[PDB]
């Protein structure tokens, strides 16, 4: 009657010892945040696991999570200002057993190889083969020029933050990546998404908007970006900006089929709100908060595309956060 049953197919991801030294460390942290987001979104999209990415969530509450993946920075303390290594452990919460225990030295360059090793290991530890669409998607959404990965993860963290100054910096970082890596079409698409969100924040003039819209038109038809959620994210945000709710609804649902992510649920909430469907909006926003609880997701719920009252539209979450 009082006990809560643990669910082995519900997993939390936590970060411990973010401040490994007392400051940073302005590359390893956004990398770890990127890895955690990728693992969560990959498992949510392509498996029957449910993952709560709690990397941005500073609170311990009771949960039915049967497993916890913990990313921790660990200092060998062999000399002052020695860089921390990254400890990644997967623990079964039912019996306390360690299912995976990795020690990773990150070297600007080897980010992708380390991430690949982790994904291979998780696959074995979770009895979870990665489907072909997942494998294909990872080849397209990550840069293959290693010198660009630090800045790519940095842009990713700015996107998660969501505020105008963060998005302006994300756009700049991505513009440099596009110039440095013209073949990495995904970065051009991510920049277009960021820029259309930026337009909701600070409207462009007629000329600049027509140029953005033309850029969007060119991007969404690129054959190599077919079957990526990003195209549908762009279509959905563009439709929202245009007030076209049916077109936005169609696009975001297809986006969600391709990527079960906090961001796609926020966007679906925005569509429902625009449709005058607050109950359905509240459900979507709660889903996004479940997927990645904390200030980042709440920022997007409250401010993304247009302003949303959490007390009025999502009272459950208002109450939850107060309690």
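Residue numbers count along the first chain shown, from 1.
- Legend: mean Cα B-factor per stretch from the PDB entry, 280 to 288 versus 56 to 64; the higher mean is in 56 to 64.
- The stretch with the higher mean CA B factor, choosing between 66 to 74 and 41 to 49, is 66 to 74.
- Each of 239, 194, 222, 126 has a CA temperature factor in the record; the biggest one is found at 222.
- Each of 230, 106, 177, 113 has a CA temperature factor in the record; the biggest one is found at 106.
- Split the chain's modelled residues into thirds by C-alpha temperature factor. Residue 101 is in the highest one.
- Sort the modelled residues of the chain by CA B factor and residue 135 lands in the lowest third.
- Residue 298 sits in the lowest third of its chain by CA B factor, as recorded in the PDB entry.
- In the PDB entry, a CA B factor belonging to the highest third of its chain's modelled residues is recorded for residue 23.
- Among the modelled residues of the chain, residue 92 sits in the middle third by CA temperature factor in this PDB entry.
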